[PDB]
């Protein structure tokens, strides 16, 4: 009978923009509703809950959610997306007077505002003795995404965002590597659509 639905396993928001994470429920009688967050590597933390009191529920850190019976909704929102908001969010609902049932979760990805992109592919060498290397594609903006490798002997990671607090500076990167003799960083990302102005040093 009773369920809870979250729309999209992974969602994006631009840094600074409105956060919206959507939850809908299927109970005929209004249930209690809960929003939990799971920050990287950790357990569950309650953000807010609807417990048949106020319909506009306020939570920790600027989060809020409005219970709307007529659209069976309880969408979570925060006015401005910060890099620290990157986490997985779970909507949950009371069921059978005896338990909480959880939605499937939505991971929020925050797209950093990269005002001065400087896309580049660099070659890095092992700190130990080595003709061993990796390739680093870095400093591209939000419009670039990285594709998986077409060569089973070339490994390419998803893009990852780092936040250098020392310089208040965020950047995207992906890493590629191979044991192959004919692997060159100039070709590592040939299955990705990269910026036309990507820097390829020497």
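What we label the rigid core is the largest C-alpha set whose atoms superpose within 1.5 Å from one form to the other. Residue numbers count along the first chain shown, from 1.
Larger root-mean-square CA separation from the shown form, computed after a rigid core fit of the structures in 8 other deposited structures of this protein, is seen for 130 to 138 when 130 to 138 is set against 149 to 157. When the C-alpha B-factors of 92 to 100 and 120 to 128 are averaged, 120 to 128 comes out higher. On average the C-alpha atoms of 179 to 187 have higher B-factors than those of the other stretch, with 179 to 187 and 13 to 21 being the two compared.
You'll see in the entry that, of 161, 53, 33, 135, the Cα B factor peaks at 53. When the modelled residues of the chain are ordered by their C-alpha B factor, residue 106 lands in the lowest third. Among all modelled residues in this chain, the alpha-carbon of residue 139 has a temperature factor (C-alpha) in the lowest third. In this PDB entry, the Cα temperature factor of residue 76 sits in the bottom third of its chain's modelled residues, the lowest group. The entry lists a Cα temperature factor for residue 157 that places it in the middle third of the chain's modelled residues. The PDB entry assigns residue 201 a C-alpha temperature factor belonging to the highest third of its chain's modelled residues.
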